[PDB]
Ligand SMILES: [Ca+2]
Ligand SMILES: [Ca+2]
Ligand SMILES: [Co+2]
Ligand SMILES: [Co+2]
Ligand SMILES: [Co+2]
Ligand SMILES: [Co+2]
Ligand SMILES: [Co+2]
Ligand SMILES: [Co+2]
């Protein structure tokens, strides 16, 4: 078997990828999302009740479908990153990255020694298909994609330094965390926050990195796509389930 | 503690109850549905991948919310009915009921001896809260609600006989199974099928039983409500999740 | 490896075995019960929310301890009996047995062809330790113990016929089901029910079969032990957990 | 989306398919087996500790790989067959089929009304991908494959009658059950049993049905393949795991 | 919907709340405890085999009952605190707190930016009921309760400094960890330890914070209640289950 | 009950113990491995998808068998070490230990106060069998075994200092991590790596510590055993499952 090609990583340079957030924390729900045709699915290990074992079930569900899986760990924890790579997550989204030093550690966390610090256990890993990918330890690094989130004042204070880190493939803006950090908690739509988001996207792309964001607001998501943003998540499974059920009940009250 | 009052059962005689089908087969998804404000939630043990233990998890999730739980077992199996009653399901929907003899057996299956055949194990049952409901064995039968499905030609051939069974609280029409049985599989909206459904609702209510149905078609659901139908399910969680995600992607293709 | 000796089965002829009912439906809770020193533990697949997979977890927990496991299936279902034997349950308690014909079918359900109808799949079974017990198919039948419950008027109407069935090792009286069947639901302590229970124990033992019963009432359990009853369950984990927590709170209200 | 093509079913007429028995009862273990390249994988719901939910996890794991899934239910139970078809199993292996009447019921159990009795719930089914396969109710029946086991004296007594059932795609011989039924329990390799197995394969193929069998004995498996047997399982995951670990330890004792 | 009111937090100033430790690590066992009538239940993520997903199941079980849930994480880990708040734990008990600097970080860990560092993901959170609590991001902080444990010499060495931290609602004394730290492991009942515990309760209350403790010793628990201690846990589910089963067996040996 | 004797720990001084790596992450698979007769089984929480709860299930499965369990946590995390000790793991293997300061912290992490920092919660712990081991807090420390991995250049740079740490019972060499660290990723069999491994084994034993290693290469494993290596793992369950299934298929292609 040849290593699974990371099409998400390649497409950061060739197209704009439409994403769906997956926080229903279940292999069955992840498969429903996988049937829709999103370019990427974000399995959320930060804000949904997921662990390594439930994330594995969802990677297994999604794997039969063309949608590319991206996993968000609860934090930039090196041993947790090791665990998510070995169950076969090829793209990671690291929340709350705030310095070039932290970004560089996340780069090393995703790469094998001697250049990085990813723990080596290919005999046990779904990532290598238990060494059925015979050259995995030589071909693994090439298909791993590292995305970091800028979503705090400290992240914005270190943006230019993070953008000079080789191995950071993309910077994703978190509007909820960022609007809260800016003293506009629950009000990311305010011009003060949106002007910072637009300037941040423009700086990310000017440094030759992919820019990403999540917005469930169709107008904002379309504006971000018009600006060239490479990976845009346009909704959240929990939100869509709740709103679809509420909108239906409202027709009958 | 006093036995949990079956408000669904009482409301069969006082109002029209709006329902949501729950087939995501998970305590977390069932809780999301429980927050919307449906009069009843149908935990589907027939057409969703559920078992006694996953149904228990969903009963526990939903129990904090006013929505009334209704459980559909995979068939009219007396021992499975016993298991679902003991985990605390107070309303059952029995699929593919086809004779007064089968309906009478379902009545007995839901009632304690000596009048019925429900196995007695109150020390172990969530239904009795492990005997924290001190008079459960005296008060249980009063709060159990039995619904049977008519959804085959043989069911229609025995409709008047089923409607004379004391202990059948409601008859629910299954349009998918019924349209297939009539040789209109996938086409319940045909006049041939709909004229039979309307006639059947009228006969159910004329016999003093509650009538029920599911339709994700807003026009048909509203027509059934205009006809007086007492318990109408107006959508399905799996369907709403898939459609909401597809409609969103179509805005960005 | 030699087949696991069924000490419960041997001890039916040599001592009085004290039992604990296990309805907490969990490997962790079953292990806590296994540490106490009961002669037998009843994993309840009838009145607790158990399935083949949760019963397996509990057999695995209990297996490190001297307590003998007895499993109760939800009914006398031949294919379910096959499944419980292959995960390694060596003693079964069949609820609501009502005829010698049904008892004879339960005997055959527990024995390999050609004499019985137990499905053969030793390569897959924990019972054979996946054929690490090399002579399992020759030694299995000898260590299987069949217990049947008499707990209805029909069971009492067929008691002498059930007691003449070769392969029925023990008859267990269910006081909850039996008192309900007799029109004394929730009142097994009444003399009318107790006189029938005592006569039934005396007839079971006179026919050379082991007699069994459950009572959480210490006086009744001691009376049953004085009468020679071979397997007496003296309490229920769910009941003891609830009562211990209530009694403690009552000291502080 | 078009309905998943059942390549196993097509290949019954064009090649000899090599199978692996999957009884480790786990999505992770099923994926390991799926990477090897077997033509078919048998998810065993009869002799491994599986239920609808664990079988679903395994179908989801295997679905990313070319290996075709076949599911064996615990018995020819119509409602369980409905549940396994809805989670998306397209090929079923029914144990212990013993009459043309039972084989005909299994045919109807796998087909929609009005010609069959498969319950209709496409909105909830992974089989229809929750109606994302838009024409599922018209295209489903064509891709369902029914295999029945002949593995008892009564099955052999009804072989010619079972072989005349339209809709039975294959007859699979169970050597463990059959050798036990014949009074050679644990000794299927005896000439008395093997002559019956060879004669039975010849009759199945002479009637234009596919013949199948399991043997972990390489010589017997190769003999069955030389006889033209269409679907041959050549080993069992639990057996291979145990033997590989024992053989390794024996090098070091 | 309005944010769930934290009655435990309010009652720290108005009454003495009686608690039960929940370490059976299971939604079913947590529900049994929830039925008893304790003022609070401690879901132990430090000393029972719990994770975010098993804690969620227990929050869902308990939520239908008046008992207030308190969750203990395995350590004062900021990302784990984020995960437990989002699944809807409103009161946290942080073990082994040893400085005002660590206590201040735990305060920030429980509050949204810009004043704290709690990660913002309300669309995904049971805490916000997936934004069905429409003003959650404005109302959340008010209903969060932070308890810290003093249970080491370093904790006692920083007691006055911890008691001056605004946002620490209560200090809980851990007698097991504290007696071990003092060189009296397994002997918290010694006067040397008890004089320190009483002095510590007095200092906690003198500083205007709530004092808490666990003791399964009825005399010590009543003494702590006489001293004004605001939140007293009086037993442990695992302990009560084991002791109740052992006491029963001892009546029959 | 007396504390479970750690025979693995004792045998470090009296014999050479043969090990199997257990990464199938499942109680059922761990039991299969436990039946084979390995001296020790390594439950891998670093490179297999395990968490505290799945490791508990595996300890419960294995506990009925003489094979000694060793658990590898994902990293030398003090709170995770506490959790693994409380579920009853008596031998820990800490990956990537790189200093005497880190080794000394791991020693303290495994011992109760006042000499160590292991959190005290014996009422809740399987380790104490919920205090059914009445003297657990006095007898626990004696039966705990600490193994640390040297598998990086920094570990080799601190080998003599790690070997002087009292409480380190064994040093285990990780050939995958070490060969990668040395710039021979995937090529541990190179003489440059093997000469370092042999020298490292000789130094470990010269300091009076137990030496350990994993190799699935029979020749290398036998060489390490001839050198006196005290604990040698000779294979991996995931590898043996994959290779056994591939080797079988290759006989039939
Ligand atoms: Ca199950
Ligand atoms: Ca978990
Ligand atoms: Co964020
Ligand atoms: Co239907
Ligand atoms: Co009974
Ligand atoms: Co068979
Ligand atoms: Co403590
Ligand atoms: Co390593």
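General remarks:
- In the assembly of identical copies, residue B:132 has its label point, taken 7 Å from Cα in the direction of the beta carbon, separated from the corresponding points by 2.3, 2.5, 4.1, 4.1, 4.8 nm (ascending, one decimal).
- Partner shielding of D:218-230 amounts to 1, given as the average count of beta-carbon atoms from other chains within 10 Å of each residue beta-carbon.
- Altogether, the Stokes-Einstein calculation at 20 °C and 1.002 mPa s, with the Kirkwood radius of segment B:163-253 over Cα pairs as Rh, returns a diffusion coefficient of 147 µm²/s.
- Normalised by the number of residues in chain A, the average gap of Cα pairs under 8 Å and 6 or more apart makes the relative contact order 20 percent.
- Shown for residue E:191: label points 7 Å from Cα along the beta-carbon vector, and their distances to the equivalent points in the other copies, 6.1, 7.5, 7.5, 9.3, 9.9 nm in ascending order.
- More than 19 Å apart - percent of Cα-Cα pairs taken over segment E:68-144: 30 percent
- For the rotation that carries chain D onto chain F, the axis lies closest to a Cβ at D:244, 2, where the number is the distance in whole Å.
- Applying 0.36 nm per residue to the separation of residue B:104 and residue B:13 and subtracting their alpha-carbon distance, the gain on full extension is 30.6 nm.
- Residue mean of other protein chain beta carbons inside 10 Å, C:62-68: 3
- The three principal axes of the Cα atoms in the protein assembly as shown give end-to-end lengths of 78, 76, 72 Å, sorted in falling order.
- Mean partner shielding of peptide B:178-187, defined as the number of other chain Cβ atoms within 10 Å of each residue Cβ, is 5.
- For the options C:54, C:239, C:179, a Gaussian network treatment of chain C with springs between C-alpha atoms closer than 10 Å singles out C:239 as fluctuating the most.
- Highest mean packing comes first when the peptides D:244-251, F:91-98 are listed by Cβ atoms within 10 Å, giving F:91-98, D:244-251.
- Built from the Cα atoms of chain F, the convex hull projects on average onto 13.9 nm², one quarter of its surface area.
- Dividing the helix sum by the residues of chain D, where each DSSP H run of 4 or more adds -39500 (n - 2.57), gives a mean residue ellipticity at 222 nm of -11500 deg cm²/dmol.
- Taking the square roots of five times each eigenvalue of the Cα gyration tensor of segment B:213-253, the equivalent ellipsoid has semi-axes of 28, 10, 5 Å, listed largest first.
- Modelled label reach - residue B:160, point 7 Å along Cα→Cβ, segment B:97-112 residues with backbone N closer than 19 Å: B:98-104
- Residue C:184/residue E:250 FRET efficiency (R0 30 Å; Cβ-Cβ; nearest 0.05): 0.45
- Inter-part distance, segment D:137-192 to segment D:1-66, computed on C-alpha centroids, equals 20 Å.
- For residue A:251, the distances from its label point to the matching points in the remaining copies are 1.8, 5.9, 6.0, 6.0, 6.5 nm, ordered from shortest, with each point set 7 Å beyond Cα toward Cβ.
A quick note on method: Cβ atoms are made from the backbone with ideal geometry, for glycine too, and the neighbour counts reach across all protein chains shown. Every number here is computed from the coordinates shown, using simple stated rules; none is lab data.
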